[PDB]
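**Student:** Below you'll find the structure I mean.
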Number of protein chains: 4
Amino acid sequence: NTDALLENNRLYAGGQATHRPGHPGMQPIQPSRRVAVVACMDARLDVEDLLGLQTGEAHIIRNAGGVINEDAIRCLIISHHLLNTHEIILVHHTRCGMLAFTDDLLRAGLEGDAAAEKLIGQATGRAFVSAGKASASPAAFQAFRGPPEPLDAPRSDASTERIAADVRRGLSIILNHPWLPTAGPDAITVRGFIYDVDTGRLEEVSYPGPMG
Amino acid sequence: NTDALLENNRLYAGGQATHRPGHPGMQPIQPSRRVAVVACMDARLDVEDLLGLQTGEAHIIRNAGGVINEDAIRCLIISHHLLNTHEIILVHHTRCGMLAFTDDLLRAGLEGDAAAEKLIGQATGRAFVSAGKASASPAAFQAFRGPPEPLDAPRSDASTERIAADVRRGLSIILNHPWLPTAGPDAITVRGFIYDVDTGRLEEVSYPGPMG
Amino acid sequence: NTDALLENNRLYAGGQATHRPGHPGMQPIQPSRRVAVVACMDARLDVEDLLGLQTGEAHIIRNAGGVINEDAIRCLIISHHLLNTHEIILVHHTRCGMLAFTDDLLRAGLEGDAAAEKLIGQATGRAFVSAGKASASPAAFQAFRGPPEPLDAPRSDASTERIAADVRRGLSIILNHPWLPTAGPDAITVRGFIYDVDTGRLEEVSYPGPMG
Amino acid sequence: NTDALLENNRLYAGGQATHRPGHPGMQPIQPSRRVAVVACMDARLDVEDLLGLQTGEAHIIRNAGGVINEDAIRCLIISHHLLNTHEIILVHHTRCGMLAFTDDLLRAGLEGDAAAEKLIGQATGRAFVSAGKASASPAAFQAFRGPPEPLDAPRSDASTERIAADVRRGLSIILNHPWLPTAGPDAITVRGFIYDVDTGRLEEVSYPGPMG
Ligand code: NA
Ligand code: NA
Ligand SMILES: [Zn+2]
Ligand SMILES: [Zn+2]
Ligand SMILES: [Zn+2]
Ligand SMILES: [Zn+2]
């Protein structure tokens with residue numbers, strides 16, 4: 001399925017759309033392409049559009065970063081074991097917000113550290129206001145490994161490898177989770193990509209490789 | 001923003017699309033409509049299409065059920081505090097898979113209970129195969145409260161209220177989480193809906209109301 | 001180490017204590033017996049006392065039920081990989097509160113369902129008062145599989161097997177988690193028990209076996 | 001209850017024990033002192049001993065660091081709402097392992113980064129061996145804020161304030177969690193302490209104050 005989606009993405013990058021934006025009528029719950037995609041929530045990604053998926057073809061799982069965390073695994077388990085998908089595509093992307101902050105800064109700002117509160121405003125260009133209380137949850141914001149770059153910075157080699165390392169960790173999480181079959185007759189297959197938000201083109205991430 | 005999106009959805013339901021499926025070119029990370037949408041991963045939902053959002057306008061957060069769990073809160077915190085959104089829309093939907101199983105059945109099937117394994121096959125119409133091992137994570141599959149109905153069953157009053165109760169719980173989670181400002185000068189506003197996958201039309205969920 | 005602790009427990013059950021309750025003076029952080037124990041928080045368990053451990057000998061990890069959940073795994077990973085333990089003992093126990101409620105009842109009572117609120121009072125014999133709001137966390141209360149029995153009910157065959165099944169699931173979680181080595185030259189070994197709070201005696205749980 | 005426990009701790013520090021280490025016979029599940037204690041799993045802490053609690057008097061919740069995380073909240077909710085406790089004591093302690101590593105180092109070592117693997121061996125003085133795979137869980141190891149000190153280093157002002165800040169964050173988590181009543185007629189009260197493992201004496205942490 002997926003090389004065909006990469007060709008749809010080549011068209012998309014070149015200025016030709018493939019997704020049909022109208023309502024498809026009544027459909028069954030099982031994704032017809034037997035695919036699940038995990039992508040960032042970033043507004044610049046329309047996952048169906050950039051892959052040329054049609055409505056009804058794939059599960060679309062999206063969170064901050066497109067990270068493979070506990071919820072992503074919950075989703076993938078349901079997708080495969082209950083709803084019959086057997087392929088997974090990861091779509092991280094360039095200029096991702098998860099490159100631009102650290103867990104501890106945001107935590108401290110929310111808790112009420114005045115320095116962290118000020119620093120987050122400086123990093124974001126908005127008037128961040130502390131909650132002034134601590135929380136146990138969420139336990140982790142899952143910012144990408146590495147020191148932060150400016151928010152929405154243009155691409156670079158260094159940031160591409162930081163994004164790619166996060167993709168590789170997600171591939172390893174899926175390929176070693178006890179409740180996802182990625183070998184034998186019920187197996188799932190998985191590939192990971194980085195979407196360039198400015199060009200519209202996907203590039204594939206190597207696996208195995210370094211993971212953060 | 002949102003009543004305009006409901007009008008786009010009225011068009012969508014009636015057979016007229018509003019989302020433009022081509023690449024929009026270079027854009028900034030901040031969602032231009034300052035909106036975050038949390039929806040189910042169900043393949044029959046194209047969130048941008050059914051709301052008439054354009055690429056670049058909204059964060060799109062999607063998981064099994066569109067539930068407000070720890071990851072959804074992680075996403076919303078980033079969306080608002082770092083990326084300046086201030087409105088949230090919840091889109092649960094009809095014929096959702098989260099109406100059709102229970103946490104304990106799926107857990108036991110994955111663990112290797114032969115009865116549960118067989119029962120999940122009967123419920124799903126696929127050859128479910130146990131992992132044969134236990135896992136601590138995910139801690140909860142977050143199936144909707146109430147006894148399970150058949151997978152992909154047509155709408156009913158009872159199931160509409162089960163979906164609506166889950167939407168109300170998600171609204172309450174957001175409106176009482178320590179790290180989401182939903183009052184005062186940094187506040188976020190939130191509304192919840194059920195998307196009818198067969199008609200293409202949204203219906204709004206009342207709040208406050210019963211929560212499961 | 002552990003058969004010696006079982007002999008200390010035989011003494012304890014018979015009315016002879018082995019733990020020394022005074023301060024042992026300065027000690028190193030590494031547990032001297034290279035053991036970690038995971039037990040219920042139940043007030044009737046003094047883990048050091050019932051095993052005849054001395055202060056400084058073992059990590060003592062305790063939560064509601066003694067369940068192997070994400071935090072228990074966090075603890076065990078630190079215990080072994082950083083602090084050199086290589087044996088794990090699970091101590092579930094009789095008359096455990098985790099036999100007496102269900103996740104959904106407590107959730108609904110906390111959310112504000114008036115029926116659930118009343119029912120929890122009836123089950124607990126205390127004036128339970130709803131919080132009147134929903135929360136994403138904790139995602140699961142981890143009550144033992146099976147229908148609830150009365151709070152603090154005396155032992156039975158049925159409840160012993162419900163406790164034992166939870167112990168077996170915890171053993172399977174540990175023995176299949178990606179980040180706990182339970183084979184090869186860095187391996188950890190693990191055994192599981194039920195502590196009888198009334199007699200003071202441990203009984204060992206079979207493994208492999210049914211897991212809930 | 002708690003000032004009496006502090007006097008028992010003064011005796012303990014001075015070389016006089018108060019906890020009785022034998023089996024107390026049959027007891028009810030409700031902690032008789034209506035207290036829950038959250039402490040580190042560190043082997044040098046025997047919580048009942050250092051507070052002079054008797055078996056049956058208090059819930060004893062223990063994890064790496066004594067941190068207030070999602071599981072600690074799960075435990076406290078059960079403790080109060082089902083089992084009638086209404087006081088909480090936090091016991092962090094000196095020379096805690098959570099002062100000596102960072103989440104990202106341990107994650108990377110477990111994932112298989114050879115540099116991180118080597119560095120963890122150097123920090124711990126043991127032969128740390130990578131798992132060679134990624135995991136989504138545990139999402140956070142919850143090392144204390146601040147740069148790492150040597151494992152099991154002697155006390156200092158700087159490390160005392162790092163421990164105290166973690167205690168204050170835990171107090172704030174409890175005092176702002178939606179499902180713990182810490183005001184009104186069902187309220188819980190809470191105090192936080194640092195246990196000196198070398199002297200045996202507790203010292204109380206100020207609240208409100210800085211939180212990491
Ligand atoms: Na779309
Ligand atoms: Na003890
Ligand atoms: Zn992103
Ligand atoms: Zn759904
Ligand atoms: Zn128990
Ligand atoms: Zn410690």
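Naming scheme: A, B, ... for chains in displayed order of the structure tokens; residues 1 onward per chain; ligands 1 onward as shown.
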Do a neighbour search on residue 59 (chain D) at 7 Å with only C-alpha atoms, toss out local chain neighbours closer than 5 positions, and write the hits as a list in words.
**Tutor:**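 After dropping sequence-adjacent residues, the list is residues 41, 42 and 43 of chain C; 31, 35, 36 and 37 of chain D.
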**Student:** With N, CA and C atoms retained, export the selected residues as a PDB file, in the first residue's frame.
**Tutor:**
```pdb
ATOM      1  N   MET C  41       0.177  -1.984  50.059  1.00  0.00           N
ATOM      2  CA  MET C  41       0.256  -0.916  51.068  1.00  0.00           C
ATOM      3  C   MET C  41      -0.555  -1.219  52.318  1.00  0.00           C
ATOM      4  N   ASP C  42      -1.341  -2.278  52.328  1.00  0.00           N
ATOM      5  CA  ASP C  42      -2.213  -2.614  53.424  1.00  0.00           C
ATOM      6  C   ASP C  42      -1.500  -2.510  54.773  1.00  0.00           C
ATOM      7  N   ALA C  43      -2.137  -1.818  55.708  1.00  0.00           N
ATOM      8  CA  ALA C  43      -1.484  -1.511  56.993  1.00  0.00           C
ATOM      9  C   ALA C  43      -1.079  -2.748  57.759  1.00  0.00           C
TER      10      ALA C  43
ATOM     11  N   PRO D  31      -6.690   1.317  58.189  1.00  0.00           N
ATOM     12  CA  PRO D  31      -5.550   1.696  59.030  1.00  0.00           C
ATOM     13  C   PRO D  31      -6.025   2.386  60.319  1.00  0.00           C
ATOM     14  N   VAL D  35      -3.870   7.050  58.692  1.00  0.00           N
ATOM     15  CA  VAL D  35      -2.731   7.741  58.100  1.00  0.00           C
ATOM     16  C   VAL D  35      -2.248   6.933  56.887  1.00  0.00           C
ATOM     17  N   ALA D  36      -1.788   7.603  55.847  1.00  0.00           N
ATOM     18  CA  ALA D  36      -1.042   7.014  54.764  1.00  0.00           C
ATOM     19  C   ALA D  36       0.346   7.666  54.692  1.00  0.00           C
ATOM     20  N   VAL D  37       1.382   6.828  54.540  1.00  0.00           N
ATOM     21  CA  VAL D  37       2.727   7.369  54.417  1.00  0.00           C
ATOM     22  C   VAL D  37       3.223   7.044  53.013  1.00  0.00           C
TER      23      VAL D  37
END
```
**Student:** Find the residues of chain C in contact range of chain A, meaning any atom within 9 Å when counting only C-alpha atoms, and list them as a ChimeraX atom specification.
**Tutor:** /C:136-138,176-178
**Student:** Residues of the last selection are to be written out with N, CA and C atoms, as an mmCIF file, in the first residue's frame.
**Tutor:**
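Result written to result.cif:
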```
data_model
loop_
_atom_site.group_PDB
_atom_site.id
_atom_site.type_symbol
_atom_site.label_atom_id
_atom_site.label_comp_id
_atom_site.auth_asym_id
_atom_site.auth_seq_id
_atom_site.Cartn_x
_atom_site.Cartn_y
_atom_site.Cartn_z
ATOM 1 N N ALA C 136 -8.479 12.357 34.150
ATOM 2 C CA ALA C 136 -7.815 11.379 33.281
ATOM 3 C C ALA C 136 -6.938 10.439 34.089
ATOM 4 N N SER C 137 -6.487 10.894 35.267
ATOM 5 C CA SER C 137 -5.504 10.105 36.009
ATOM 6 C C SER C 137 -5.976 9.948 37.450
ATOM 7 N N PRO C 138 -5.774 8.810 38.068
ATOM 8 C CA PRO C 138 -5.140 7.612 37.494
ATOM 9 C C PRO C 138 -6.068 6.930 36.469
ATOM 10 N N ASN C 176 8.365 -10.497 31.038
ATOM 11 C CA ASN C 176 8.278 -10.139 29.607
ATOM 12 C C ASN C 176 8.490 -8.669 29.336
ATOM 13 N N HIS C 177 8.807 -7.861 30.345
ATOM 14 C CA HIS C 177 9.039 -6.422 30.096
ATOM 15 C C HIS C 177 10.342 -6.200 29.349
ATOM 16 N N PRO C 178 10.394 -5.390 28.290
ATOM 17 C CA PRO C 178 11.645 -5.171 27.567
ATOM 18 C C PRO C 178 12.852 -4.703 28.367
#
```
**Student:** Would you name the residues within 8 Å of ligand 5, counting only C-alpha atoms and all ligand atoms, and put them as an NGL selection string?
**Tutor:** :C and (40-42 or 64-66 or 92-98)
**Student:** Those residues you just picked out, can you put them in a file as a compact mmCIF listing (two decimals), in the first residue's frame with N, CA and C atoms?
**Tutor:**
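Result went into out-v1.txt, see below:
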```
# COMPACT_ATOMS: atom_id res chain seq x y z
N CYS C 40 1.52 -5.14 48.91
CA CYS C 40 0.41 -4.21 49.10
C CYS C 40 0.73 -3.19 50.18
N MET C 41 0.18 -1.98 50.06
CA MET C 41 0.26 -0.92 51.07
C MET C 41 -0.56 -1.22 52.32
N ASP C 42 -1.34 -2.28 52.33
CA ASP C 42 -2.21 -2.61 53.42
C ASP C 42 -1.50 -2.51 54.77
N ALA C 64 -1.30 -0.02 46.19
CA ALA C 64 -2.59 -0.67 46.46
C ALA C 64 -2.69 -1.96 45.65
N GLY C 65 -2.65 -3.08 46.35
CA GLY C 65 -2.65 -4.40 45.80
C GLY C 65 -1.31 -5.08 45.66
N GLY C 66 -0.22 -4.26 45.70
CA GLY C 66 1.07 -4.85 45.34
C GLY C 66 1.10 -5.17 43.86
N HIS C 92 1.49 -10.41 47.54
CA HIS C 92 0.07 -10.06 47.66
C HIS C 92 -0.41 -10.61 49.01
N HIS C 93 -1.68 -10.43 49.36
CA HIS C 93 -2.12 -10.91 50.70
C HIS C 93 -3.62 -11.11 50.73
N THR C 94 -4.07 -11.86 51.71
CA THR C 94 -5.49 -12.13 51.89
C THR C 94 -6.22 -10.92 52.47
N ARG C 95 -7.54 -10.89 52.23
CA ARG C 95 -8.42 -9.83 52.71
C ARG C 95 -8.01 -8.48 52.08
N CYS C 96 -7.44 -8.53 50.87
CA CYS C 96 -6.99 -7.29 50.23
C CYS C 96 -8.11 -6.43 49.70
N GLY C 97 -7.97 -5.10 49.87
CA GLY C 97 -9.04 -4.23 49.39
C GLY C 97 -9.28 -4.31 47.89
N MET C 98 -8.27 -4.75 47.14
CA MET C 98 -8.41 -4.77 45.69
C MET C 98 -9.37 -5.89 45.27
```
**Student:** So that I can see what lies close to residue 149 (chain C), please list as number ranges by chain the residues with an atom at most 9 Å from it, counting only C-alpha atoms and leaving out residues fewer than 2 positions away in the same chain.
**Tutor:** C: 99-101, 146-147, 151-153, 159
**Student:** Determine, counting only C-alpha atoms, which protein, DNA and RNA residues have an atom within 10 Å of an atom of residue 4 (chain C); residues of the same chain fewer than 6 positions away are not included. Present the result as a list in words.
**Tutor:**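 The residues satisfying every condition are residues 10, 51, 52 and 53 of chain C.
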**Student:** Could you find all residues in region 10-152 of chain D that DSSP calls alpha helix (DSSP H) from the backbone, and write them as a PyMOL selection string?
**Tutor:** chain D and resi 10-13+47-51+70-77+103-111+114-124
**Student:** Extract, using only C-alpha atoms, all DNA, RNA and protein residues at most 6 Å from region 127-134 of chain B, discarding same-chain residues fewer than 3 positions from it, and format them as an MDAnalysis selection string.
**Tutor:** (chainID A and resid 179) or (chainID B and resid 109:112 121) or (chainID C and resid 169 172:173)
**Student:** Any chance you can output those residues with N, CA and C atoms as a PDB file, in the first residue's frame?
**Tutor:**
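Below is the file result-v2.pdb, written as the result:
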```pdb
ATOM      1  N   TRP A 179       2.566  -6.750  23.194  1.00  0.00           N
ATOM      2  CA  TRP A 179       1.214  -6.938  22.707  1.00  0.00           C
ATOM      3  C   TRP A 179       1.015  -6.513  21.252  1.00  0.00           C
TER       4      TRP A 179
ATOM      5  N   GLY B 109      -7.506 -11.683  26.715  1.00  0.00           N
ATOM      6  CA  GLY B 109      -7.180 -12.313  25.422  1.00  0.00           C
ATOM      7  C   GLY B 109      -5.703 -12.145  25.105  1.00  0.00           C
ATOM      8  N   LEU B 110      -5.183 -10.924  25.323  1.00  0.00           N
ATOM      9  CA  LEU B 110      -3.755 -10.713  25.064  1.00  0.00           C
ATOM     10  C   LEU B 110      -2.856 -11.537  25.978  1.00  0.00           C
ATOM     11  N   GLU B 111      -3.240 -11.646  27.247  1.00  0.00           N
ATOM     12  CA  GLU B 111      -2.514 -12.439  28.249  1.00  0.00           C
ATOM     13  C   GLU B 111      -2.436 -13.917  27.918  1.00  0.00           C
ATOM     14  N   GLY B 112      -3.449 -14.401  27.171  1.00  0.00           N
ATOM     15  CA  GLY B 112      -3.497 -15.790  26.833  1.00  0.00           C
ATOM     16  C   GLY B 112      -4.647 -16.598  27.353  1.00  0.00           C
ATOM     17  N   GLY B 121     -12.329 -13.175  18.911  1.00  0.00           N
ATOM     18  CA  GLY B 121     -12.547 -13.522  17.495  1.00  0.00           C
ATOM     19  C   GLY B 121     -14.009 -13.447  17.107  1.00  0.00           C
TER      20      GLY B 121
ATOM     21  N   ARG C 169      -0.108 -12.663  36.956  1.00  0.00           N
ATOM     22  CA  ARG C 169       0.018 -11.631  35.907  1.00  0.00           C
ATOM     23  C   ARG C 169       1.237 -10.769  36.170  1.00  0.00           C
ATOM     24  N   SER C 172       4.312 -12.505  35.087  1.00  0.00           N
ATOM     25  CA  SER C 172       4.423 -12.456  33.618  1.00  0.00           C
ATOM     26  C   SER C 172       4.830 -11.061  33.146  1.00  0.00           C
ATOM     27  N   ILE C 173       4.295 -10.016  33.795  1.00  0.00           N
ATOM     28  CA  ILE C 173       4.702  -8.662  33.357  1.00  0.00           C
ATOM     29  C   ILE C 173       6.193  -8.499  33.517  1.00  0.00           C
TER      30      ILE C 173
END
```
**Student:** I want to know what sits within 8 Å of residue 139 (chain B), based on only C-alpha atoms, with residues of the same chain fewer than 6 positions away left out; could you give that as a PyMOL selection string?
**Tutor:** chain C and resi 69-70+139-140
**Student:** Report the distance between CA of residue 122 (chain C) and CA of residue 210 (chain B) in Å, rounded to one decimal place.
**Tutor:** 21.7 Å
**Student:** When you count only C-alpha atoms and all ligand atoms, which of these residues is closest to ligand 3: B:17, B:78, B:73, B:38?
**Tutor:**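 Smallest separation from ligand 3 among the options: B:78.
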**Student:** If you count only C-alpha atoms and all ligand atoms, which residues end up within 10 Å of ligand 1, as a PDB file with C-alpha atoms, in the first residue's frame?
**Tutor:**
```pdb
ATOM      1  CA  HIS A  19      -7.395  12.961  -1.328  1.00  0.00           C
ATOM      2  CA  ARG A  20     -11.113  13.443  -2.114  1.00  0.00           C
ATOM      3  CA  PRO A  21     -12.533  15.843   0.539  1.00  0.00           C
ATOM      4  CA  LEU A  45      -0.127  18.042   8.436  1.00  0.00           C
ATOM      5  CA  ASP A  46      -3.314  16.758   6.822  1.00  0.00           C
ATOM      6  CA  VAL A  47      -2.362  13.098   6.957  1.00  0.00           C
ATOM      7  CA  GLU A  48      -4.984  11.856   4.491  1.00  0.00           C
ATOM      8  CA  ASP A  49      -3.983  14.611   2.073  1.00  0.00           C
ATOM      9  CA  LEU A  50      -0.188  14.175   2.223  1.00  0.00           C
ATOM     10  CA  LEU A  51      -0.416  10.387   1.740  1.00  0.00           C
ATOM     11  CA  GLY A  52      -3.349  10.497  -0.708  1.00  0.00           C
ATOM     12  CA  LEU A  53      -5.369   8.273   1.580  1.00  0.00           C
ATOM     13  CA  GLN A  54      -9.151   8.290   0.999  1.00  0.00           C
ATOM     14  CA  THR A  55     -11.594   8.550   3.947  1.00  0.00           C
ATOM     15  CA  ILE A  60      -5.191   8.167  11.767  1.00  0.00           C
TER      16      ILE A  60
ATOM     17  CA  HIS B  19     -11.458  21.209   2.712  1.00  0.00           C
ATOM     18  CA  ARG B  20      -8.839  21.897   0.004  1.00  0.00           C
ATOM     19  CA  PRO B  21      -6.690  18.722  -0.333  1.00  0.00           C
ATOM     20  CA  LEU B  45     -13.357  10.404  10.034  1.00  0.00           C
ATOM     21  CA  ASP B  46     -11.304  12.898   8.040  1.00  0.00           C
ATOM     22  CA  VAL B  47     -11.395  15.639  10.647  1.00  0.00           C
ATOM     23  CA  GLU B  48     -10.264  18.471   8.366  1.00  0.00           C
ATOM     24  CA  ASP B  49     -12.836  17.390   5.786  1.00  0.00           C
ATOM     25  CA  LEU B  50     -15.858  17.002   8.094  1.00  0.00           C
ATOM     26  CA  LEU B  51     -15.259  20.396   9.757  1.00  0.00           C
ATOM     27  CA  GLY B  52     -14.094  22.170   6.580  1.00  0.00           C
ATOM     28  CA  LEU B  53     -10.830  23.067   8.252  1.00  0.00           C
ATOM     29  CA  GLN B  54      -7.969  24.032   5.901  1.00  0.00           C
ATOM     30  CA  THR B  55      -4.439  22.614   6.411  1.00  0.00           C
ATOM     31  CA  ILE B  60      -5.673  17.486  15.041  1.00  0.00           C
TER      32      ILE B  60
END
```
**Student:** For residue 168 (chain A), please output as a ChimeraX atom specification all residues within 12 Å (counting only C-alpha atoms; exclusion window: fewer than 5 positions along the same chain).
**Tutor:** /A:67-68,90-92,144,161-163,173-175,190-194,204-212 /D:111,133-135
**Student:** For the residues in the current selection, export N, CA and C atoms as a PDB file, in the first residue's frame.
**Tutor:**
```
ATOM      1  N   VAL A  67       4.598  10.840  18.639  1.00  0.00           N
ATOM      2  CA  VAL A  67       5.436   9.904  19.423  1.00  0.00           C
ATOM      3  C   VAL A  67       4.733   8.600  19.684  1.00  0.00           C
ATOM      4  N   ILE A  68       5.551   7.535  19.739  1.00  0.00           N
ATOM      5  CA  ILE A  68       5.005   6.257  20.178  1.00  0.00           C
ATOM      6  C   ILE A  68       5.114   6.168  21.705  1.00  0.00           C
ATOM      7  N   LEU A  90       4.742   5.632  10.374  1.00  0.00           N
ATOM      8  CA  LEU A  90       5.043   6.763  11.241  1.00  0.00           C
ATOM      9  C   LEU A  90       5.372   8.003  10.390  1.00  0.00           C
ATOM     10  N   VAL A  91       4.702   9.122  10.680  1.00  0.00           N
ATOM     11  CA  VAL A  91       4.992  10.387   9.996  1.00  0.00           C
ATOM     12  C   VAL A  91       5.341  11.442  11.043  1.00  0.00           C
ATOM     13  N   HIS A  92       6.640  11.536  11.384  1.00  0.00           N
ATOM     14  CA  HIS A  92       7.142  12.731  12.067  1.00  0.00           C
ATOM     15  C   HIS A  92       7.296  13.816  11.001  1.00  0.00           C
ATOM     16  N   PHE A 144      11.567  15.840  21.967  1.00  0.00           N
ATOM     17  CA  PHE A 144      12.642  15.043  21.366  1.00  0.00           C
ATOM     18  C   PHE A 144      13.965  15.243  22.083  1.00  0.00           C
ATOM     19  N   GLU A 161      18.359  14.725  12.051  1.00  0.00           N
ATOM     20  CA  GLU A 161      18.733  13.496  12.768  1.00  0.00           C
ATOM     21  C   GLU A 161      18.055  13.420  14.131  1.00  0.00           C
ATOM     22  N   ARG A 162      17.765  14.536  14.790  1.00  0.00           N
ATOM     23  CA  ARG A 162      17.012  14.439  16.047  1.00  0.00           C
ATOM     24  C   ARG A 162      15.603  13.876  15.771  1.00  0.00           C
ATOM     25  N   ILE A 163      14.968  14.330  14.699  1.00  0.00           N
ATOM     26  CA  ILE A 163      13.630  13.831  14.377  1.00  0.00           C
ATOM     27  C   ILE A 163      13.716  12.344  14.031  1.00  0.00           C
ATOM     28  N   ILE A 173      10.019   0.747  19.704  1.00  0.00           N
ATOM     29  CA  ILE A 173       8.965   0.479  20.708  1.00  0.00           C
ATOM     30  C   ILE A 173       7.943  -0.471  20.137  1.00  0.00           C
ATOM     31  N   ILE A 174       7.485  -0.203  18.905  1.00  0.00           N
ATOM     32  CA  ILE A 174       6.461  -1.043  18.308  1.00  0.00           C
ATOM     33  C   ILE A 174       6.992  -2.448  18.104  1.00  0.00           C
ATOM     34  N   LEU A 175       8.207  -2.558  17.604  1.00  0.00           N
ATOM     35  CA  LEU A 175       8.786  -3.857  17.230  1.00  0.00           C
ATOM     36  C   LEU A 175       9.206  -4.660  18.466  1.00  0.00           C
ATOM     37  N   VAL A 190       6.048  -2.196   9.731  1.00  0.00           N
ATOM     38  CA  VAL A 190       6.068  -0.756  10.074  1.00  0.00           C
ATOM     39  C   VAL A 190       7.228  -0.086   9.351  1.00  0.00           C
ATOM     40  N   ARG A 191       7.003   1.159   8.917  1.00  0.00           N
ATOM     41  CA  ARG A 191       8.011   2.014   8.305  1.00  0.00           C
ATOM     42  C   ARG A 191       7.837   3.423   8.870  1.00  0.00           C
ATOM     43  N   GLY A 192       8.925   4.170   8.883  1.00  0.00           N
ATOM     44  CA  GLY A 192       8.901   5.529   9.461  1.00  0.00           C
ATOM     45  C   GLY A 192       9.446   6.576   8.500  1.00  0.00           C
ATOM     46  N   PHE A 193       8.853   7.757   8.563  1.00  0.00           N
ATOM     47  CA  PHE A 193       9.141   8.850   7.644  1.00  0.00           C
ATOM     48  C   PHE A 193       9.197  10.193   8.366  1.00  0.00           C
ATOM     49  N   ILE A 194       9.856  11.150   7.675  1.00  0.00           N
ATOM     50  CA  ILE A 194       9.786  12.559   8.054  1.00  0.00           C
ATOM     51  C   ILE A 194       9.124  13.293   6.906  1.00  0.00           C
ATOM     52  N   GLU A 204      12.179   8.751   3.906  1.00  0.00           N
ATOM     53  CA  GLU A 204      12.129   7.596   4.807  1.00  0.00           C
ATOM     54  C   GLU A 204      13.278   7.565   5.794  1.00  0.00           C
ATOM     55  N   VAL A 205      13.000   7.121   7.019  1.00  0.00           N
ATOM     56  CA  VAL A 205      14.011   6.960   8.057  1.00  0.00           C
ATOM     57  C   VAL A 205      14.568   5.530   8.095  1.00  0.00           C
ATOM     58  N   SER A 206      15.890   5.435   8.152  1.00  0.00           N
ATOM     59  CA  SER A 206      16.561   4.141   8.238  1.00  0.00           C
ATOM     60  C   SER A 206      16.277   3.439   9.566  1.00  0.00           C
ATOM     61  N   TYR A 207      16.221   2.110   9.509  1.00  0.00           N
ATOM     62  CA  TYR A 207      16.014   1.317  10.730  1.00  0.00           C
ATOM     63  C   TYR A 207      16.630  -0.057  10.521  1.00  0.00           C
ATOM     64  N   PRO A 208      17.335  -0.615  11.495  1.00  0.00           N
ATOM     65  CA  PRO A 208      17.780  -0.014  12.763  1.00  0.00           C
ATOM     66  C   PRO A 208      18.713   1.193  12.608  1.00  0.00           C
ATOM     67  N   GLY A 209      18.879   1.933  13.700  1.00  0.00           N
ATOM     68  CA  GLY A 209      19.738   3.109  13.705  1.00  0.00           C
ATOM     69  C   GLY A 209      19.690   3.715  15.104  1.00  0.00           C
ATOM     70  N   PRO A 210      20.383   4.807  15.375  1.00  0.00           N
ATOM     71  CA  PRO A 210      20.385   5.469  16.704  1.00  0.00           C
ATOM     72  C   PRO A 210      19.041   6.049  17.126  1.00  0.00           C
ATOM     73  N   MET A 211      18.741   6.016  18.437  1.00  0.00           N
ATOM     74  CA  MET A 211      17.367   6.184  18.918  1.00  0.00           C
ATOM     75  C   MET A 211      17.165   7.329  19.906  1.00  0.00           C
ATOM     76  N   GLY A 212      18.148   8.226  19.964  1.00  0.00           N
ATOM     77  CA  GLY A 212      18.005   9.507  20.612  1.00  0.00           C
ATOM     78  C   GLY A 212      19.211   9.999  21.373  1.00  0.00           C
TER      79      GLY A 212
ATOM     80  N   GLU D 111      17.966   1.684  25.889  1.00  0.00           N
ATOM     81  CA  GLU D 111      17.753   1.614  24.437  1.00  0.00           C
ATOM     82  C   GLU D 111      18.918   1.006  23.679  1.00  0.00           C
ATOM     83  N   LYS D 133      16.699  -2.263  23.313  1.00  0.00           N
ATOM     84  CA  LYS D 133      15.415  -1.989  22.708  1.00  0.00           C
ATOM     85  C   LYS D 133      14.773  -0.828  23.441  1.00  0.00           C
ATOM     86  N   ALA D 134      13.876  -0.135  22.744  1.00  0.00           N
ATOM     87  CA  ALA D 134      13.114   0.955  23.313  1.00  0.00           C
ATOM     88  C   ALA D 134      11.825   0.444  23.941  1.00  0.00           C
ATOM     89  N   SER D 135      11.331   1.255  24.886  1.00  0.00           N
ATOM     90  CA  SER D 135      10.060   0.987  25.546  1.00  0.00           C
ATOM     91  C   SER D 135       9.270   2.292  25.732  1.00  0.00           C
TER      92      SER D 135
END
```
**Student:** My list of candidates is A:105, A:197, A:83, A:123. Which is closest to ligand 3 when distances are computed with only C-alpha atoms and all ligand atoms?
**Tutor:**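 Checking each candidate against ligand 3, we get A:197 as the closest.
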**Student:** Would you give me, as a list in words, the residues in region 4-171 of chain D that DSSP reads as strand (DSSP E)?
**Tutor:** residues 35, 36, 37, 38, 39, 40, 58, 59, 60, 61, 62, 63, 87, 88, 89, 90, 91, 92 and 93 of chain D
**Student:** Please indicate the distance in Å from CA of residue 33 (chain A) to CA of residue 1 (chain A), rounded to one decimal place.
**Tutor:**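 Straight-line distance from CA of residue 33 (chain A) to CA of residue 1 (chain A) works out to 7.1 Å.
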**Student:** Just checking: using only C-alpha atoms and all ligand atoms, which residue out of A:39, A:72, A:89, A:114 ends up closest to ligand 3?
**Tutor:** A:39
